[PDB]
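Only one chain is included here, represented as structure tokens and corresponding to the form deposited in one PDB entry.
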């Protein structure tokens, strides 16, 4: 990696990796490199290190499969050694949607419609290929020069065989679909699928508008109970200025029963996105 790229400053860090800005020596163009330390540390037992190696490979695999979409991050180069993985992506200058939301506090309904439209189009493309992202959140949505969205972080992503379900619990609890929490509680649960992305997308859209999570609590225990029950509300002091149309959309995502939750294709067909037909 270091023979072709000059490593710069840290752009981010993950549980087992570091993301740094870097310069491609030959071209002198800048990129971002996600460096994954497969060996990690203590909890990284003989078996764990391999758990990561295989996961990274899946990540790269998905990346390669979705390469080419205007709003998905583009994997440009990869390198591997007996310890680290080096994924090279185009550099996202305006950073994370999370950072942006941090400054803006909340976003307008028109801006949110801009972002949501692009996001749904991405998820629609991922779902069309039977790929579940499993980590849809503001932190994994980056921004380019023109403030256009770029979905990143396919570290928990999986391309599913027809009818294949998942059972592992991974991702930020606040964005976890009820099915994921259910599954962890009971082994006799049918596992989960793509629909989890749609719940996450719901949490996201809500937070963009409200500047806060639909579900939250001091104790994770009750927070999860809230998610499971789907007990969230359009807070009286915030949601006043937004149209009911957006509130109908948000509510169609936050549906505890996967089978009755909106799909990306349905979401995009909702009134909220039909002004110029």
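Rigid core: the largest C-alpha set superposing within 1.5 Å between the two forms. Residue numbers count along the first chain shown, from 1. Residues that one form lacks are left out of the comparison.
FYI, the form solved in complex with a partner chain isn't displayed, but the following is about it.
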**Request:** Determine whether any heavy atom of residue 249 comes within 4.5 Å of a heavy atom of the partner chain in the entry with it bound, and answer yes or no.
**Result:** no
**Asked** For residue 184, is any heavy atom within 4.5 Å of the partner chain in the entry with it bound, or not?
**Response** yes
**Message:** Test of understanding: in the entry with it bound, would residue 190 fall inside 4.5 Å of the partner chain by heavy atoms?
**Reply:** no
**Item:** Any non-hydrogen atom of residue 223 within 4.5 angstroms of the partner chain in the entry with it bound
**Value:** yes
**Prompt:** Out of the stretches listed (195-203, 86-94, 144-152, 162-170), which one is close to the partner chain in the entry with it bound, meaning heavy atoms within 4.5 Å?
**Reply:** 162-170
**Heavy atom within 4.5 Å of the partner chain in the entry with it bound - residue from 119, 107, 132, 176** = 176
**Asked** Can we say 13, 139 and 156 each have a non-hydrogen atom within 4.5 Å of the partner chain in the entry with it bound?
**Response** yes
**Message:** For the core superposition between the shown form and the other one, please identify the residue among 243, 45, 212, 231 whose CA shift reaches 2 Å or more.
**Reply:** 45
**Message:** in the entry with it bound, the Cα separation between residue 34 and residue 41 changes by 3 Å or more relative to the shown form; did it shrink or grow?
**Reply:** closer
**Request:** Over in the other structure, so in the entry with it bound, do residue 43 and residue 224 pull closer or drift farther apart at the C-alpha level? The difference is 3 angstroms or more.
**Result:** farther
**Complete:** Stretches of at least 3 common residues between the shown form and the other one with C-alpha displacement of 2 Å or more post rigid core fit fall at 41-46
